[PDB]
Amino acid sequence: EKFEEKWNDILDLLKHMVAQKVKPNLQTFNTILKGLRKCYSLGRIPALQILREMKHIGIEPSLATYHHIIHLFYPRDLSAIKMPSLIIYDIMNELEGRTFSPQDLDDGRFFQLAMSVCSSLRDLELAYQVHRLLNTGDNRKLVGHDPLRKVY
Amino acid sequence: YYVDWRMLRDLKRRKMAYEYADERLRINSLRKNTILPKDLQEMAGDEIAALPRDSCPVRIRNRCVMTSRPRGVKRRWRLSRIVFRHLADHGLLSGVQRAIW
Amino acid sequence: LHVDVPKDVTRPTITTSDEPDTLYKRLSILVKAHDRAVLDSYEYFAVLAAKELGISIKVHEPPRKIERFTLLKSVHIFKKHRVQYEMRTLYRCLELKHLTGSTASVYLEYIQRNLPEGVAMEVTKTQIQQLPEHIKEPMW
Amino acid sequence: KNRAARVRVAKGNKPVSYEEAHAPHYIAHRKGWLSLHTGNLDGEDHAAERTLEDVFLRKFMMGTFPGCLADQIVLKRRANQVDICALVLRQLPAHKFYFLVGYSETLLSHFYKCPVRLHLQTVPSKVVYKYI
Amino acid sequence: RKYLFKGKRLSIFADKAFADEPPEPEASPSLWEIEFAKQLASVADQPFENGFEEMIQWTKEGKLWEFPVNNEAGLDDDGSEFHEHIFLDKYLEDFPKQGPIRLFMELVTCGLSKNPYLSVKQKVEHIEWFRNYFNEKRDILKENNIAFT
Ligand SMILES: [Mg+2]
Ligand SMILES: [Mg+2]
C-alpha cells in the first residue's frame, strides 16, 4: 500500500546481505531497478543512487542496467514532452566506445529502447551515437531478437 | 538386407576373423619358428586347427560391395568391373577418365 | 556499405609466450590435383600470400604421374575387347625457407583452409635445433 | 556398338542437357567430374569409402527432392566438410525447400559425422543444350 | 545537473576491499546456475552472418577440423613414451632367464617393440598370454628338459 514502507523493506533485505557477509552481484541491482519502473515519478532519485553505489562496490553497469534507468526517466506514455530529461545524452557519452558482453537477460532491450527515445526527442545526432555504439566491437549481437530487431 | 546370401556368409567370415585374429596370431607364432620344442609345436598345430573354420582369414573373398560379384573386382574401389564402368562412364568418379594415348 | 561502417572491429588476442619458437630451415608444400588449372590458381594465391607475409618462396612442377589400368568392356565374354581408364596426378611444390614456427602455423592454416576441393597437400617441415645437452659434452 | 552413357539419337525431339549430350570419352575434355575429392589422387587412401558415400548421397537427394532435380548433383569435399550443389526446379513452394534443406543437412551430418551443407540453385525449367 | 556518477549514493554497502572471497564454483554447478548460463548465451545469440562465423562455431563444437592440420590431433596413446614401447624386457622377468623359451620370447618382444599399431597395454597382453600358455604346458616342457616358473 505504501511505497515508503515497500522501499524500506527492500532495503532491509540489502542490510541483511551485509550482516551475513553476502556481496551483491549485477542481477541484484538490476532486479531493484526493474522493480522501480512501476513508480516512474518517485523512482528517479532512488534509481540514480543505485547506479552510483554500483560503481563504488565495483559492479560494472551493463546495458540492461541503463535500459531500466531510461524506462524510468523517459516514459513512453509521457504527457510532459515539453521539457524531457537530458540523461540519455550523458549515458551515451558514458558508453561511447565501450564494448559490452552478455551479462544479464535485458541487455538486448537496451538498444531498442534507446532509439525510441531518440525518435521521441527528434534528435538525429543522438541516433547516430546510439547506432555508432551498436557498431563498436561485437555490440551488434545485443540489438535484440526478432520483435526488437525490426523496431530498432 | 545385403545383396545376396553369399555376401552374408562373407560378412560373417570377416567378423569372426577379427575376433580370432590375436588368438590365431599368438598360437601360430608358436609354430613359425625353430626355437621351441617340437612337442609344443605339434600341439600348437592342433590348437590352431581346433578353432572354428570361419576364423581362418583365407576363406574371405573380396566381392563387389554393391553387386556381390566374386571376380572382376578392383580392390581400391571394392567394385566389379561392371559397376565401376557405370560410375566412371558417367563422370561420378573423381579423377577417373578414359585412357587415350 | 556506403555510410554504415564498423567502428572498432574486434581482433583476436595474440599473446607472446616465454617459450622459444621453432625454427624451420625449409618447408616444402607438395599439392596434388587432377587439374593443372586449379594448381595454377592455387600457386598464384599461395605465392601472393607468402610475399605479403614476408616469406621466401620458390615453386617448381614435379613430373606428373599417370596411372592406367585395363578392364573388360563387355559383361560376358568378348575378351579381346577392352576399355582402359587412367587417373592423372599433377604436382606443384611450394618450397618456403627460413620460417619461424608462428609464421608457419598462420601461413599453413590460411592456405590449408583455402585448399580447393580435389587438392591434397603434403607439408614436409624441416626443423633445426641445437644438439642435446648430453651429447654436447662427452661423458664416460 | 558402344552403349555406355550415350543418349542415342531419336528424330530431333529429345531434349538433352549438356551432361547427357557428351559420351564418356569427353570426360576431362568437354565436361568435368561431378564429384571432387582427393581419394583418387596418387598415394591417397579411402577411395572406396568416398565412392560409396557418393552413391548414397545421390540416391538420397533424388528421393528427398522427388521430381525437383534439374540435373545431377555436384559433390564437393573440402577437409571434412561436404558440400552438395544441386540444380532444382521451382516446382515446390519456397518454404518447403527450407524444410528439406534443414532436414537433409541435419540427417546427413549425423549419418556421416561430418558438416554437410546443401546449396540449391533454382532454375525455371530444365536447361536444354541441344535437341537430338 | 543529472550527473550519472556525481551525487549521493545509498551507502548501505561499503567499498569492496575484499572481492570475490568465496569461489565461483562453491558447489558443483546447480540446475539454477546451469540454466541461467544457457539463458545468458541466448541474450547475444544472433544468426550466422557469413561463412567465417559459421566455421567459427563449428570449430568450437569440434565439427570442423582445427588448422593447421595435425594428423594426430586427439590421438594420445595413454600418454606413453618411446621407451615404454621399445624396451619391453621388464615383462619377461617371470620367464626363464635362459634357454629355448627365453630365445623365443626375445623374438616376440622384438616384434612388439617395432609394432606401431598396438598400444603398450595391448603389447603387454600379448606377453601375458604366453606366460599363461607355458605355465599350462609345464609337463610337456619338463619332458624336454625346459623348466618354466
Ligand atoms: Mg538376389
Ligand atoms: Mg581367395
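Protein chains in written order, with PDB author numbering: chain 4, 306 to 457; chain K, 28 to 128; chain H, 9 to 148; chain C, 36 to 167; chain Y, 236 to 384.
The beta carbon of each residue, even a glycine, is placed where N, CA and C say it ideally should be.
Collapsing the DSSP output to three states places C423 (chain 4) in a helix. In its chain, beyond the 5 residues on either side, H57 have a beta carbon closer than 6 Å to the beta carbon of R65 (chain C).
Note: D118 (chain C) is bridge-paired with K111 (chain C), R152 (chain C) in the DSSP secondary-structure output.
Judged by beta-carbon spacing, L102 (chain H) lies within the 8 Å limit of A54 (chain H), meaning their Cβ atoms are closer than that value. Taking 7 Å as the upper bound on Cβ-Cβ separation, chain H lies near residues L71, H72, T73, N75, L76, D77, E79 of the region 70-92 of chain C. By the rule that beta-carbons nearer than 8 Å mark a contact, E125 (chain H) does not touch chain Y. Using a Cβ-Cβ cut-off of 8 Å, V91 (chain H) counts as an interface residue toward chain K, since at least one Cβ of chain K sits closer than that to its own. Per the coordinates, the alpha-carbon of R403 (chain 4) lies some 12 Å from the alpha-carbon of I396 (chain 4). Remark: C-beta atoms of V91 (chain H) and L79 (chain H) approach each other more closely than 8 Å.
Cβ contact annotation for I127 (chain K) (same chain, cutoff 6 Å, sequence separation greater than five): none.
Here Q135 (chain H) carries a strand assignment [DSSP, helix/strand/coil].
Separation of the CB atoms of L447 (chain 4) and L368 (chain 4) is rounded to 6 Å, and the pair is thereby assigned contact status at 8 Å.
Residue-level contact by beta carbon holds for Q120 (chain H) and chain Y, with a gap shorter than 8 Å. Of the heavy atoms belonging to ligand 1, none sits nearer than 7 Å to the Cβ of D37 (chain K). Taking the Cβ of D31 (chain K) as the reference point, at least one heavy atom of ligand 1 falls within a distance shorter than 7 Å. Contact fails between the region 120-138 of chain C and the region 262-269 of chain Y, because fewer than three Cβ pairs, one in each stretch, are under 8 Å apart.
The region 382-390 of chain 4 and the region 274-283 of chain Y do not touch, with fewer than 3 CB-CB distances between them shorter than 8 Å. DSSP places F378 (chain 4) in the uninterrupted alpha helix (DSSP H) bounded by 368-378. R121 (chain H) is not a Cβ neighbour of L47 (chain H), given a cutoff of 8 Å.
Within chain C, no residue has its beta carbon less than 9 Å from that of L347 (chain Y); the closest one is some 26 Å off. Contact between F416 (chain 4) and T370 (chain 4) is ruled out by a C-beta separation of about 14 Å, above the 8 Å threshold. By the rule that beta-carbons nearer than 8 Å mark a contact, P14 (chain H) touches chain 4. Put simply, the backbone Cα of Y118 (chain H) is about 11 Å away from that of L61 (chain H). Contact with chain Y is absent for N55 (chain K), since none of that chain's Cβ atoms lies less than 8 Å from the residue's Cβ.
As far as DSSP is concerned, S121 (chain K) takes part in no beta bridge.
Between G242 (chain Y) and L400 (chain 4), the C-beta spacing is not below 8 Å.
Pairing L135 (chain C) with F95 (chain C) gives a Cβ-Cβ distance that is not under 8 Å.
For the pair of segments examined, the region 406-423 of chain 4 was found not to touch the region 108-126 of chain K: the number of CB pairs separated by less than 8 Å stays below three.
The Cβ atoms of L153 (chain C) and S139 (chain C) lie closer than 8 Å to each other.
The closest heavy atom of ligand 2 lies less than 7 Å from the beta carbon of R88 (chain K). Between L35 (chain H) and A112 (chain H), the C-beta spacing is below 8 Å. The alpha-carbon of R38 (chain C) is positioned some 11 Å away from that of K81 (chain H).
Counting along the chain, the unbroken beta strand (DSSP E) around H68 (chain H) starts and ends at 64-68.
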